[PDB]
């Protein structure tokens, strides 16, 4: 279930920055039709930072309702306060999600023992499988493999989205966890390499605009057909790069609009509409992938 191409889904908004149900329906039908394994709802790519807990809950429950059992949903439940993370966790108990994606606390920079106490306390308040999420570029906190090893001993801590692009982390973590602990890439440009080294999938920004290609690449990689997977990776590499020409998710929301998947690429401040330079880059990348 937590293998293959998992999309970190955009939260589509109207002109006013309010969630657009018509666009969210189009996105979810697209993922159902194009082999996406699961949807991560309100991760970083889904603008977790600018949605209230109430709006956050509403987006996850709308995603579940529109999925209609056709595709599993994972709830973004990260917070930099343990109390707040437990609150989000309890909100999604018996919601219908299959698990939670929970980021390392950002801004306050806990110690590794702080990370252990944070995720242990969260895991205690749910039966839902927990996927840890390390992205030190954004958080200022790097959860080291030793800490991942310690947390992997807790029953419902089942995996990690490793977003560093540091490919030595795959076997550094595998050495300290059981064989069924799930390793997922959170870095699109190194996802293929990550899976070649033994990772079992990607939680992907690229999947938003290249669902079929990402699903195919992950299937081929998991089957050990690395040459065939890499030919797809090379078609997608301009997207893997240029979807971060401006901070995620500014480029990918314009990408979704360019493909007619969303009505508008509106984001909530402080995130801003894509620049002309950014738009030109994403256009070229989409064309290279044969999608425009």
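Residue numbers count along the first chain shown, from 1.
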For the C-alpha atoms alone, is the average B factor greater in 173-181 or in 80-88, going by the entry?
173-181
Of the two stretches 186-194 and 149-157, which shows the higher Cα B-factor on average in the entry?
149-157
For residue 139, the third of its chain into which the C-alpha B factor falls:
lowest
Which third of the chain does residue 272 land in by C-alpha B-factor: lowest, middle or highest?
middle
Give the position of residue 124 by CA B-factor within its chain, expressed as the lowest, middle or highest third.
highest
Sorting the chain's modelled residues by C-alpha B-factor, tell me whether residue 9 ends up in the lowest, middle or highest third.
lowest
Please place residue 233 in the lowest, middle or highest third of its chain according to the CA B-factor in the PDB entry.
middle
